[PDB]
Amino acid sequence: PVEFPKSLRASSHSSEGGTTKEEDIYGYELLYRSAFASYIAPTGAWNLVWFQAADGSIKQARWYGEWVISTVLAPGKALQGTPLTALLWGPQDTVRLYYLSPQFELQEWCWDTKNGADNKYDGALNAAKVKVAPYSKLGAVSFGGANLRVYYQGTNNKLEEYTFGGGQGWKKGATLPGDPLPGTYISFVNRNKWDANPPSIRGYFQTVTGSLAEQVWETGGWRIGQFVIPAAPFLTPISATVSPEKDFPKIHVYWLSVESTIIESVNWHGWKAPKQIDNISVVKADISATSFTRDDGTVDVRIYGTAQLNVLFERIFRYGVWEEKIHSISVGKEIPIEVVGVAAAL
């Protein structure tokens, strides 16, 4: 079997007090510790998840009653281990996926479906040849329709913005405040509606001290926000999502504990205390959260990431509860492996 820390739970079917003996799945055509991007439709009708396959291609899992896997970028387009982040607007017919080339330049994949179209193409951002720090992660927001903002880490480790819109093409934007950890995970959200202008932008990242910190844009410019987590694991995955709950933006910020369990902080008429959403240890690797508002004003959340041993998980927050069933989305060939909980080195 494979050994796993006895005090940790590897899966939903682990013993209550940790892992004893169980079977878990190795999906070996998913890149180990793949990046993830995701977007659930604002109606909740369908879901998009993007990830990197073992061969380096970028693939898409689409849910509409069932999951369907497709390939959107061939091997060689993306850095092996590329970060990923996605945009969706129109309200829900125009999709963008940002990634890095093998030369560490910003790249953009476009999917346009307005008026019944089905057009996938390389975006204009590719031509700007924007070199980023090789360990940079990526975030992005959209507002006022097709005003786009891409967030990345520059070679001097500051967070940086690239902008699109108003007939200007892609242009360098702001340098953001703060002292980001080199290689920090980053996640940016827009609290205002997709067609509204100005936006209300929040970004979450890890600082050089290990704390989690918040970027804020409102009219008047960028500043460091009030969200402060004084200590977090080194290079902890971070993902945030926002959707209005009872007409007020509800931010969910997720990161990993030292046990690699998922911690959630909610902003909704103030920040609430961080809370572990379940006690199952995921693989310490990129996660991706997305959310939408139901007709009744309540907010659903989905989180995607890597579960033991290497499977694409889906966690579901629906009608006010985290569902106990944690789904897995098969993306290729798999082998089952016995896992045993072990308390010491030998």
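The first residue of the shown sequence is 1; numbering continues from there.
- Here the stretch with the larger average CA B-factor, out of 166-174 and 128-136, is 166-174.
- Look at the mean CA B-factor for 292-300 and for 279-287 in the entry; the higher one is 292-300.
- Of the residues listed, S101, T207, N156, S239, the entry assigns the biggest Cα temperature factor to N156.
- When the C-alpha B factors of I262, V141, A213, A117 are read from the deposited coordinates, the top value falls at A117.
- Compared with the other modelled residues of the chain, the Cα B-factor recorded for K246 ranks in the highest third.
- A273: CA B factor lies in the highest third for its chain, per the PDB record.
- For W222, the recorded CA temperature factor ranks within the highest third of the chain's modelled residues.
- Among the modelled residues of the chain, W46 sits in the middle third by CA temperature factor in this PDB entry.
- Ranked within its chain, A10 lands in the middle third, by CA B factor from the PDB record.
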